[PDB]
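Quick notes on the structure that follows.
No lab work stands behind these numbers, since they all come straight from the coordinates. All Cβ positions, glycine included, derive from the backbone under ideal geometry; neighbour counts span all protein chains shown.
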Amino acid sequence: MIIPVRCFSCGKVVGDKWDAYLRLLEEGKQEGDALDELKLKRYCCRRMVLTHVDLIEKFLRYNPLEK
Amino acid sequence: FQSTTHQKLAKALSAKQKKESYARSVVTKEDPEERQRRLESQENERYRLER
Amino acid sequence: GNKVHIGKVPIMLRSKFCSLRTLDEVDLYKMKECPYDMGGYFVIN
Amino acid sequence: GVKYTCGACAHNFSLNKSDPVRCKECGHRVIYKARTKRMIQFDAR
Amino acid sequence: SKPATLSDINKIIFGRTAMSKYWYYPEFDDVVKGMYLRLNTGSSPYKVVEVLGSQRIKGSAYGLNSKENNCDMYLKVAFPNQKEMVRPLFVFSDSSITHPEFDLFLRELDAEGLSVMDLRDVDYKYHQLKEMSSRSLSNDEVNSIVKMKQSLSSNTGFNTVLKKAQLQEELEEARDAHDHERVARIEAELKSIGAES
Ligand SMILES: [Zn+2]
Ligand SMILES: [Zn+2]
């Protein structure tokens, strides 16, 4: 839905690296190289960012219910 | 196959079965049951008058 | 002798006779319909 | 006395248990109750 | 027959928010008639005006409170010393009428040679406002108000989608009837309405 704050397995803060990851992917870096640049060494933390699906972007396309 | 008659026959028979549309669309502006209830009301009124 | 109403037939969603067939992606969102929904069912009651 | 919200144009109004359930401005037939005023607390866990 | 005091006029204060809440009522024309409300002169010292009536002006839709608050109602009022003026609803202020404002209004009435509204008429207006505010609308009245605001509706996403769907249904009816002239006009209208972002 939205990027988790902490890694499930070890608890490293990964919630501040989503926009930087998207930026690095925009510049043309490979996903593994982008994860290396963000200093995500353990594959438990790499799984968190590599397999995340951003569903909040779809939820935000519906009109707000209160104004 | 390359004969013009065979090609024209194949084209005609292929495009003949492509056209199939019987039902015609329409736009409803009011309640479809309005006629039934208004005619039932008129029939009940004339039944009372006839009685 | 004119059009007589003979009944109401339930409509299968996303078919040629459904209202959502034409709607594009934006109006589908405005109609509170999910774009991932595929249709193929009826809504009875 | 009780606040509501329209399901289409998100307009706020009130009802007195005697008006028809409708939106005032756009006439939608679907309305939603407003959130309460009581205190809401969560344990962040 | 007794003169109306300040509190009697304060009982019948009808704010701009209340006006927006009640301007579309059919009885609101007679309700607002003869009422006294604070008005923004603009040229600003606020003054009191007497409502001689109301007149709907088509094509003069104006923002009442917000951008979506389109209104066509206009109020025909008149200063005593000055002449008749047609003003929109948002010119009035929700703030209460002050003592020098009412005193100046009384002096203008004395200069013109007019009197103040009777206490019986003040109570009649108060009962009229309470009945109108506590009234329960009927289905036909609600539909009439909705149609009136739809006529006032410049644009609304839900209504545009509904209109486009109705136009598509009319287009398929015209296509199934082999009407090559109507379908071109409906396609042109859809092209004009469409091209969203
Ligand atoms: Zn980890
Ligand atoms: Zn509404």
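When the Cα centres of chain D and segment A:1-48 are compared, how far apart do they sit, in Å?
Between the Cα centre of chain D and that of segment A:1-48, the gap is 41 Å.
I need the shape label for the protein assembly as shown. Rule: rounded when a/c is under 1.5, else prolate if a/b > b/c, else oblate, with a, b, c from the alpha carbon gyration tensor.
oblate
Can you compute 3J(HN,Hα) from phi for each residue in segment C:28-45, using the Karplus curve 6.51 cos²θ - 1.76 cosθ + 1.60 with θ = phi - 60°, rounded to whole Hz and x for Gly and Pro?
Coupling constants for segment C:28-45: 4, 5, 5, 8, 6, 9, 7, x, 7, 5, 9, x, x, 9, 10, 10, 10, 6 Hz.
Let me know the volume per residue of the alpha-carbon convex hull for chain B, in Å³.
Cα-based convex hull of chain B, divided per residue, equals 117 Å³.
Within segment A:51-67, which residues have the backbone N less than 12 Å from the label spot 7 Å out from D:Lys3 along Cα→beta-carbon, could you tell me?
A:66-67
To the nearest 0.05, how large is the calculated FRET efficiency for A:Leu60 and A:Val13 if R₀ is 22 Å and r is the Cβ-Cβ distance? Working shown, then result.
Values: r = 24 Å, r/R0 = 1.09.
For A:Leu60 and A:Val13, the calculated efficiency is 0.35.
Picking from D:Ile40, D:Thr5, D:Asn16, whose Cα lies most toward the positive end of the charge dipole for chain D (charges on Cβ: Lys, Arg +1; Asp, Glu -1)?
The Cα lying farthest towards the positive end belongs to D:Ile40.
Once you charge only the Cβ atoms, +1 for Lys and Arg and -1 for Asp and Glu, what is the size of the charge dipole of the protein assembly as shown about its Cα centre, to the nearest 20 debye?
It works out to roughly 1440 debye.
Under 5 Å between amide hydrogens, which residues at least 5 positions from D:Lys3 or on another chain qualify, with H placed 1.01 Å from N in the peptide plane?
D:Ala34
Out of every Cα pair in segment A:1-66, what percent are spaced more than 18 Å from each other? Display every interim value, and only then the final one.
On the way: 865 of 2145 pairs.
Every Cα pair in segment A:1-66 considered, those over 18 Å come to 40 percent.
Find the centroid of the Cα atoms in segment E:1-53 and in segment E:128-173, then give the distance between the two in whole Å.
The two parts, judged by their Cα centres, are 28 Å apart.
What is the calculated FRET efficiency for C:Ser15 to E:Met148, with r their C-beta to C-beta distance and R₀ = 56 Å, to the nearest 0.05?
The formula returns an efficiency of 0.95 here.
List every residue whose amide H lies under 5 Å from the amide H of E:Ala78, counting only residues 5 or more places away in sequence or on a different chain, with H placed 1.01 Å from N in the peptide plane.
Distant-sequence amide H within range of E:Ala78: E:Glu50, E:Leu52, E:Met85.
Obtain the nm distance between the two label points defined at B:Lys18 and E:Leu106 by a simple spin-label model: each point lies 7 Å from its Cα along the Cα-to-C-beta direction.
A separation of 9.0 nm, rounded to one decimal place.
Amide H to amide H, which residues 5 or more places from A:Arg6 or on other chains are under 5 Å from it, using H placed in the peptide plane?
A:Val14
At each listed q (0.33 Å⁻¹), what is the log10 of I(q)/I(0) that the Debye formula gives for chain C modelled as equal alpha-carbon point scatterers?
-1.26
Separation between the E:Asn139 and E:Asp123 pseudo-spin-labels, each 7 Å from Cα along Cα→Cβ, expressed in nm?
Those two pseudo-labels are separated by 3.9 nm.
Any idea what the dipole of chain E comes to, in debye rounded to 20, about its Cα centre with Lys/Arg Cβ at +1 and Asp/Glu Cβ at -1?
The dipole of chain E has a size of about 520 debye.
Defining a contact as two alpha carbons under 8 Å apart and six or more residues distant in sequence, what relative contact order in percent does chain A show?
39 percent
At what distance in nm do the modelled label points of B:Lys11 and B:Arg37 sit from each other, each positioned 7 Å from its Cα along Cα→Cβ?
Output for this residue pair reads 5.7 nm.
If we restrict to alpha carbons, what Rg and Dmax does chain D come to, in Å?
Considering chain D through its Cα atoms, Rg and Dmax are 13.7, 44 Å.
For the pairs C:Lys30/D:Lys33; B:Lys18/C:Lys3; D:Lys17/E:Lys58; A:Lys67/C:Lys30, flag any whose C-alpha to C-alpha distance is greater than 24 Å. Mind dumping the intermediate values first?
Details: C:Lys30/D:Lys33 21 Å; B:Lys18/C:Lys3 28 Å; D:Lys17/E:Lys58 34 Å; A:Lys67/C:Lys30 16 Å.
The answer is B:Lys18/C:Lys3; D:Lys17/E:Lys58.
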